[PDB]
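Values quoted throughout were computed directly from the atomic coordinates according to the rules given, and no laboratory measurement underlies them. Don't worry about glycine lacking a Cβ; one is built from the backbone with ideal geometry, like all the others, and counts go over all protein chains shown.
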Ligand SMILES: CCCCCCCCCCCCC/C=C/[C@@H](O)[C@H](CO)NC(=O)CCCCCCCCCCCCCCCCCCCCCCC
Ligand SMILES: Cc1ncc(COP(=O)(O)O)c(CN[C@@H](CO)C(=O)O)c1O
């Protein structure tokens, strides 16, 4: 038993590390500062730029019916709701928006979230607990893997969009736990991958889940509103009934031009999330003027289905004009609105490759007035997919500035790569 | 230190031993009054109703009814979660000496007649054995082991 | 206060017995999921089905008006044997005692909203991009300069959610090999942020600085649990004011100990940034703590400024590091532009830079109203928690069946309150929070006090002698 | 609401009867009445 | 017989109610 004098010396000898490491000169860069909008033609520094870095795939930023819908909500409710959904934070527009969403998709019930990132790190820990088994894709983004880590269950990974690997992994799990037959099992995937721009092959995941009795959790942020014939996501793109997917989540910062997220499914599942979640019970509810714009956007999408035809033509045209690139290679699916350019024959270093892309984005913005986005990964990120440059093409881009983003990007690759 | 588990932290506030005893006196008065009988046949019913409820609540169910703590106690009964697992504390001693005291009352009032003595001794032995300090986290022949 | 405990335990035991009895038949009449496992096991939500569903009309009440001093409450009328309460028409005008607009910024006012609308007319409600890509506008650049020169730190960052500001920032600061010591009553966002990192978590007794030192010495003298390695870091987390309790932290005593043992201080002040303080600068201005003695300072824009979001304030190096490695800054969508104009204008009104005197009257009314209400409750016999200067003040009920009785008797006479029970509190300690606003008038508070006196006579919650 | 009707209300919320179903409280109020007559009748003869 | 078991149990009671609390070791 230590005497009280020894503990004093022990506490005086201990020396801690700094709160943050020293800031090196290569990690203090700044992004552009916009004015006037974030549409296809925004304004930076007094010059006119062409924007390929915002994810409004339908071209709804700055629509007349959204301004008109948000003004009336701001003149009647104010800006905030002042509390969570369980203490007088339920305004009646929240109840109208959940109904409008589930009538569009064709489900019984919906639930709304105030932050688009929180809809996945609060949903996965709500269903999966310590003894369960989750099978994930390895390519999922940081919001999914944070929710995977917070739920203390066992996580197994399969290769990116590879169905042979998924079948092998499912058979392997259905031999290790053959004893306890009352096992909770989930498959976690993502409709269009943010880190690769590839589309999940859903008609086969559904065949495999019905064979080993698994449940699917799907993240439809980059597919909701763009990918079906009528806009209802990936399920009607592959012609599978929405009832076979158990949980469907989405974020409203893409293609609806809003903020927030939702989840959709049974009346039994949605009613359990309302009482034991984390970003729903211990957070304030969505400002009403943001929920009043989602209702109008869902109406505009539902009445105008030629926007979804125009988006596909824009994507195909950018593919036609960008196929002679020299040091890069297109590694995205031909339907997705996230065009992903890869770097062939990397320089070798994990941090010398990023410098080249960050340099070739800056030159594009400086010389040709283009906003493109390059990969920025946190040290907490566990994704090991290749890095590259992404373009978010929208229905609002014209054919004039669509071959301006290929002619300006084929010129910096034949001059800065080899 | 503070307990940080809603499944057990409530057992340290005042009035809990007193309510434990009052429930057992109220049960005896109810058994006597609803069906006229003798004190011994009422203390036997109390003694055997205190076994079914207590064994199922303390030594059979595993986990917690609160899901915030994802599954951190899935493999533990309520008795094993008590006091963070520390043995022979104050509340554990009280919960151990209650069935022993309740056995003597049910035996001395029934004149040690056999039809009931077998049951009243079996209950006490099973209840006291499950509370031994060396019987922690051990399942017999795998029952309730997963 | 002894027979109250005995009655509380008795009533909870009765609820437990009846719930188990009904569950033993439910799980037996199911013999009169095609290989799929159940969503939730039968006893993993026992108190949601057997306790919370009994008192369901006391929660999630819809309102059809703005959250002001008075509002309109929609009524619900479930038909299917009380399973799904669905709403009707025909609202009723109530007095608001349950929202969080401490300074009265939660409706239309004549300075803020006109400037909010013309910012929306120009930036259109969202950018659909992250801050490092295309989500930085002029408004976002000006908001951080306003937050910096109002909190009192070299630099600041703004996020779009206040739960995420904890649960995504704590993992960036500490990892496996570090220690976190936390107050027993910290918010869920802090606990989830601490679990999101690999660090070890220890806890100390609520608001007792003599136990914090006892924990620090024992943890430093030992090292990491099995291999007595030195700890890399220690971070101590406290809150400016605790809403369920209504009390203010013992911050000078915490900061004196943390300097002695070389720990870092993380301060969460979401219920105190606008409410308390002579000029509304929070707990550091009230308790005279030097703002250079805390390393990270966090806040929310929901309780006083009538908006959404959160912030971190610290030094230049901390902010430069976060803007390079933080998942919320790199991956999320930026805070909406009309919702940042709100915070800019609210700070201008409080600081007095709108060219008016409303910002000082708000601060003088919130101090005056809550003192009067708290001093009036205590002489009637209620047990009221809180220190003296808080705007939140719970009332002890103790008995689980006194929650619906109190709530339903107040609502029938047009007063709206919040009540909380077991799962969210300790077993013995159900209560009702009261939130006072700077927009409440004197002849509203007299009406509320007159109603609450009558209701407390009937329920019998006057546990102390009157005057 | 007079004195007796008031004290009954207080009893209901003090012992949890207020937030139960009609038959659940019916099964308890009658079981308490059965217990009361037993005590009031084995104190007038047993101790006499 | 009817009063020896009572003493037997009273002995184990006073043996139990004197022990000092402890916690199990680590690995
Ligand atoms: C009607 C008057 C009383 C009726 C008798 C029924 C009361 C039985 C008490 C049950 C104690 C439960 C202890 C642990 C149970 C765990 O298994 C479960 C599942 O993990 N924990 C939970 O659900 C969360 C814990 C919350 C339980 C507290 C609510 C009940 C509080 C009762 C007051 C405490 C004093 C009694 C202590 C134990 C008394 C044992 C009952 C005696 C048998 C009566 C037969 C004559
Ligand atoms: C320290 C701290 N951090 C975060 C929050 C919630 O942040 P938000 O209002 O930005 O969601 C609260 C209040 N939390 C509210 C929910 O809105 C409540 O449940 O009472 C808090 O006290």
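Across peptide B:27-34, what mean number of C-beta atoms from other chains lies inside 10 Å of a residue's C-beta? Numbers along the way, then the final one.
Values: counts 0, 0, 3, 5, 0, 4, 10, 4.
Mean inter-chain Cβ contacts per residue within 10 Å come to 3.
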For the residue C:316, residue D:29 Cβ pair and Förster radius 51 Å, calculated FRET efficiency rounded to 0.05 is 0.15
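Would you please classify the overall shape of region A:178-328 from the alpha carbon gyration tensor, given that a ≥ b ≥ c denote the square roots of the eigenvalues, rounded means a/c under 1.5, and beyond that prolate means a/b larger than b/c while oblate covers the rest? Numbers along the way, then the final one.
Working: a/c = 1.97, a/b = 1.22, b/c = 1.61.
Oblate, since a/c reaches 1.5 and b/c is not below a/b.
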Hey, quick one: spin label on residue C:118, modelled 7 Å out along Cα-Cβ, who in region C:287-308 has an amide N within reach, i.e. under 12 Å?
none
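Output the peptides A:116-122, C:252-258 sorted from most to least packed, where packing is the average of other Cβ atoms within 10 Å over each peptide's residues.
Numbers: A:116-122: 27.6, C:252-258: 18.0.
Per-residue mean Cβ counts within 10 Å order the peptides as A:116-122, C:252-258.
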May I have the pair-distance distribution P(r) for region C:376-464, computed from all Cα-Cα distances with 5 Å bins from 0 and rounded to whole percent?
3, 13, 25, 28, 20, 9, 2, 0
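Translational D (Stokes-Einstein, µm²/s) of chain B at 20 °C and 1.002 mPa s when Rh comes from the Kirkwood sum over C-alpha pairs?
Working: Rh = 16.9 Å.
Using the Kirkwood radius from Cα pairs, D works out to 127 µm²/s.
Please compute the contact order of chain B in relative form: average sequence separation of alpha-carbon pairs under 8 Å and at least six residues apart, divided by the residue count, as a percent.
Numbers: 97 pairs, mean separation 37.9, N = 146.
Dividing the mean separation by the residue count of chain B yields 26 percent.
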Rg followed by Dmax, in Å, when region C:335-396 is reduced to its Cα trace
16.4, 48
4 °C / 1.567 mPa s Stokes-Einstein diffusion coefficient of region C:39-82, Kirkwood radius on C-alpha pairs, µm²/s
99
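If you take the beta carbon distance between residue C:49 and residue B:135 as r and set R0 to 45 Å, what does 1/(1 + (r/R0)^6) give as a FRET efficiency, to the nearest 0.05? Don't jump to the answer; show the numbers that get you there.
On the way: r = 33 Å, r/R0 = 0.73.
Here the calculated transfer efficiency is 0.85.
Using the number of other C-beta atoms within 10 angstrom as an exposure proxy, rank B:108, C:187 with the fewest first.
Numbers: B:108 14, C:187 21.
Taking fewest neighbouring Cβ atoms as first place, the list is B:108, C:187.
Please quote Rg/Rh for the protein assembly as shown to two decimal places, taking the Kirkwood radius as Rh and restricting both calculations to Cα atoms. It would help to have the intermediate numbers written out before the result.
Details: Rg = 31.8 Å, Rh = 32.3 Å.
Reported Rg/Rh, Kirkwood definition of Rh: 0.99.
When ranked by the protection proxy of mean other Cβ atoms within 10 Å per residue, highest first, what sequence do the peptides B:78-85, B:114-121, C:6-13 form?
Values: B:78-85: 16.8, B:114-121: 13.4, C:6-13: 19.4.
Per-residue Cβ counts within 10 Å, averaged per peptide and sorted highest first, yield C:6-13, B:78-85, B:114-121.
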Viscosity 0.890 mPa s, 25 °C: Kirkwood-radius Stokes-Einstein D of chain D over Cα pairs, µm²/s
196
Per residue of A:53-63, other chain Cβ atoms within 10 Å number on average 4
With contacts defined as alpha carbon pairs under 8 Å and 6 or more residues apart, what's the relative contact order of chain A in percent?
22
Considering chain C, what Rg and Dmax in Å follow from its alpha-carbon atoms?
24.2, 74
Distance from the Cα centre of region A:303-332 to that of region B:119-143, in angstrom?
70
Over region A:163-263, what portion of Cα pair distances is larger than 16 Å, expressed as a whole percent?
59
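Can you give the mean number of other chain Cβ atoms that lie within 10 Å of the Cβ atoms in peptide A:370-378?
Averaged over the peptide's residues, the number is 4.
Using alpha-carbon pairs under 8 Å, 6+ residues apart, how would you state the relative contact order of region C:112-351 in percent?
Values: 431 pairs, mean separation 74.9, N = 240.
Worked out over region C:112-351, it gives 31 percent.
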Euclidean distance between Cα centres, region C:213-236 to region A:177-244, Å
46
With a 10 Å Cβ neighbour count serving as the proxy for reagent exposure, in which order, fewest first, do C:32, B:28 appear?
C:32, B:28
Which value, in Å to one decimal place, does the Kirkwood hydrodynamic radius take for chain A when every pair of different Cα atoms is included?
23.6
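Counting other beta carbons within 10 Å of each residue's own, what order do C:55, C:436 fall into, fewest first?
C:55, C:436
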Can you tell me the order of C:147-153, C:217-223 when each peptide is scored by its average per-residue count of other Cβ atoms within 10 angstrom, highest first?
C:147-153, C:217-223
Out of the DSSP beta bridges found with both residues in the protein assembly as shown, what percent are antiparallel (nearest 5)?
60
Note on region C:112-351: the mean projected area of its alpha-carbon convex hull, in nm², is 12.7
Relative counts (whole %) of C-alpha pair distances in region C:88-187, using bins that are 5 Å wide:
2, 7, 10, 15, 19, 15, 12, 9, 6, 3, 1, 0
